[PDB]
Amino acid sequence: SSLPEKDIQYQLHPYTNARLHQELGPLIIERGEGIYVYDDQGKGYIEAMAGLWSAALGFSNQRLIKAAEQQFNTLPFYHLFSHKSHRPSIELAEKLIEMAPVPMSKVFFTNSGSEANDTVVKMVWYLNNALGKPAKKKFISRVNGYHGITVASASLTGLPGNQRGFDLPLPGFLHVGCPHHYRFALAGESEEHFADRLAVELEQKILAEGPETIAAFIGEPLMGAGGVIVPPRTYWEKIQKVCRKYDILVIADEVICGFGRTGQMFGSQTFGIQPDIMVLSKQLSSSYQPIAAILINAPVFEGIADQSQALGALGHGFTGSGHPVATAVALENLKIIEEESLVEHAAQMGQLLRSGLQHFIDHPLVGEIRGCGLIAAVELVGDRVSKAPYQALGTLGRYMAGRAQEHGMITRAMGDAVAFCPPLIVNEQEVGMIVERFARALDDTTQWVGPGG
């Protein structure tokens, strides 16, 4: 029995068509090194997505690996329940609070981003009950935002693909508009007037629902999985004014943006967000270990704290919350990012990536090139004037990603946009190779479509 046959027999794959997978089987990844991964046929790929927007230090950082070993051989598992604690969790939490872009009080650990946001939901409901505001429970998020896939976090998520067939969203989970100018501005509307209109939509939803009932607003500084959507200029400023105006919490989902992805350490810095709560994962540990972290500010903590006392204890926690190996790896991961000045380096590499892609700005199939820092996307279209897809929406993106893989590069399509989110350690010539391989895929795709003009 072959390894692909076993995979087809025994695994149900996430984000995969199960029937198609029975026919095609897997692409088996065997090993990784630097920014590369290699399949079981020996073929090498530049992992331009850093796996899942996550492997900041690439796929063979020995320091992370040794940090795991050292912790394993000390204390391979323990927990944080009932006052129990341990050094790595404590030192990681310290570090996270000291590097926070706004004053923060406490860290709560989970395994995943989905768990983290699911936990943030519970925390907010518990908070407002403590403050004697039992109706202030509803969450507002955006269309195409992604925040995980638990029943609750998938209700925060605004991608239909995460909701169809799952009876989601739940009640109490509301969605306002995707802040993507290219797709949702009115013709002749500026970015600033687009922002104004989005801020007005929000105020209108708050009033229509009853401000007293709205607990929180959650957003990725820029949207990752939904298309590498940069919000229009002034979006965050104006959205925050509306939130402060109705005493609504601002939650920044920094699962992707966190730790140098957007040109600064956090997307909250890059986009001037002053969040009450932040959510972190992915680059936190370069995904070498499953871990996520929630940062909460003083008011949120004090409320939760009072209530935990009134009720005996805080009735919430995962077995793996603050896992010593995962926290130890994350701690070392963050140190490395500081010591090797990878935020500033990622910013420089980002400028190269973007400049290199922009040689294609006038290509007949390129509708928009977007991004900031070391995250980017090229959205292809069949017609630039109408912005319509070639064939069905997603056809170009799917063909490109296929061709990129053929040319030794792994990118993810999101509809007809292809993303780039390489490891932070990518070097100058590697960025060139990424753009080259993008170009070869574009060329192939262009031959295939035959635009004329």
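Residue numbers here begin at 1 and follow the sequence given.
As the entry records it, the average C-alpha temperature factor is higher for 185 to 193, out of 185 to 193 and 364 to 372.
Two stretches are in play, 341 to 349 and 146 to 154, and the higher mean C-alpha B-factor belongs to 341 to 349. When the Cα B-factors of 379, 115, 253, 203 are read from the PDB record, 203 comes out highest. When the C-alpha B-factors of 278, 257, 207, 330 are ranked from the entry, the top spot goes to 207. Among the modelled residues of its chain, residue 246 has a C-alpha B-factor that falls in the highest third, as given in the PDB entry. In this PDB entry, the Cα temperature factor of residue 41 sits in the top third of its chain's modelled residues, the highest group. For residue 442, the recorded CA temperature factor ranks within the lowest third of the chain's modelled residues. Among the modelled residues of its chain, residue 407 has a C-alpha B-factor that falls in the middle third according to the deposited record.
In the PDB entry, a CA B factor belonging to the lowest third of its chain's modelled residues is recorded for residue 51.
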